[PDB]
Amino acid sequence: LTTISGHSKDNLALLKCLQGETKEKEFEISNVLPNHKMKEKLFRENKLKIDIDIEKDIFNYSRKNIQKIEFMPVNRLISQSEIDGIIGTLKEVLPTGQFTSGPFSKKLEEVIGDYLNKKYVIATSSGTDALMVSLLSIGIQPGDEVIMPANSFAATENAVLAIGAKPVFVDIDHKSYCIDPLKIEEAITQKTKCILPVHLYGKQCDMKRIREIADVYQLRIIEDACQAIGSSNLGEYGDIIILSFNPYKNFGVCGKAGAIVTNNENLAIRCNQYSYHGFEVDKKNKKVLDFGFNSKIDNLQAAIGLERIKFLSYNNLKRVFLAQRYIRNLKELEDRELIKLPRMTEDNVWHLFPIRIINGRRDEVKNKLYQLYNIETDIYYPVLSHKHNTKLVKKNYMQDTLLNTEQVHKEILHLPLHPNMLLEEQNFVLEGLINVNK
């Protein structure tokens, strides 16, 4: 038996079974809220349905004619089932008038804490705000230094900059796009207070070694897990874990929201206080901290969150199926040394699907795929943090050289992958990818 908890490791186990590679594995599903859709869709009397065809039942394969591919059409991220359920919960929340704090905010924090196996959760107004509050709660002061990679979304460095701290950029691992633990200790000075690893594209960093370093220098760890919800054993070594529930993440609400996650009650208390004006917990208009933000989640978005999180494990399952299909159908382009593919691992939730186009062919392939084959691809993110055309960069990061980050930035390309894409759509992408690499 394996008991599907809704995390990446179990989903990868379930996928190989749904394709039949299992050894008569008894699967059962935990009835937690992130499994709600999966349990309705694939299970029947707490056992896998006998009659599951992935292509027909899960992806609705019907040989539809495809003429163009967009990378992330927003209208396909939400399903009619989601919408009907959201309307239902809004009709319950709206009459209450509780539109700031509320019971749905607290229910979502309980759900997230259970899902992540962490004691304390502060649901926030965005992942960016969660990070800012979290930096403040560990005691970050203006001029303090925060070690971080240079290839994240701008929010990561912005949270550090917004409170007057100093990003110190460290090179990545070319094997995982994650910050390299072997280069972290070199960057530690008297001014560093925090290491800020990013679980980029849905894959986790090598957190075990970072913790060992963090303990020797007595540094805090705040993990940017804004793209990594559902990854197994997420946050085992972190002081604080940051989540984002923006509508584009593996799990989103209908608007902006995020969360702070921790087992450390002292940090949890300060985060709750900083996220709401410095007021003592649930003592509005009475400050104990010097200041704070207006950064807790909306009760209404928490209620939408509790409806949409029902689809999380199922949508992550569709994501891992799509990623494996890309890997298996592009392998010969890798054997020809034209591209490098990601490897299937049990922690990746496949928020984004990166490949590397080597021999300097990335720009030609991206541009031809769009201009010739009507296929959008994207580069997350087009500019590295030490390379923005800002006054901050020109004064502080001109001499920054991040060898692996910069090299892989010239090769990276992200392929369309979202849980409601058709297999005919992925076929379109796959054939363009193959045709342009003849």
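Don't overthink the numbering: it's just position in the shown sequence, from 1.
So, looking at the entry's B-factor column for Cα atoms, which has the higher mean, 310 to 318 or 229 to 237? Going by the record's values, the stretch with the higher mean is 229 to 237.
Tell me which stretch, 113 to 121 or 250 to 258, has the higher mean Cα B-factor listed in the entry. Comparing 250 to 258 with 113 to 121, the higher mean C-alpha B-factor belongs to 113 to 121.
Which of these has the highest Cα B-factor in the record: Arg343, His351, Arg270, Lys107? Largest recorded C-alpha B-factor: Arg343.
What's the residue among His277, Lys191, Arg325, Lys203 with the greatest CA temperature factor in the PDB record? The listed residue with the largest C-alpha B-factor is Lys191.
Would you mind checking where the Cα B-factor of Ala13 ranks among the modelled residues of its chain, as the lowest, middle or highest third? Its C-alpha B-factor belongs to the highest third of this chain's values.
Cα B factor band for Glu186 (lowest, middle or highest third within the chain): It falls in the top third of the chain.
Relative to the other modelled residues of the same chain, rank the CA B-factor of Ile58 and answer lowest, middle or highest third. Middle third.
Comparing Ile242 with the other modelled residues of its chain, is its CA B-factor in the lowest, middle or highest third? Lowest third, going by the recorded CA B-factors of the chain.
Please place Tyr397 in the lowest, middle or highest third of its chain according to the CA B-factor in the PDB entry. It belongs to the highest third of the chain when residues are ordered by C-alpha B-factor.
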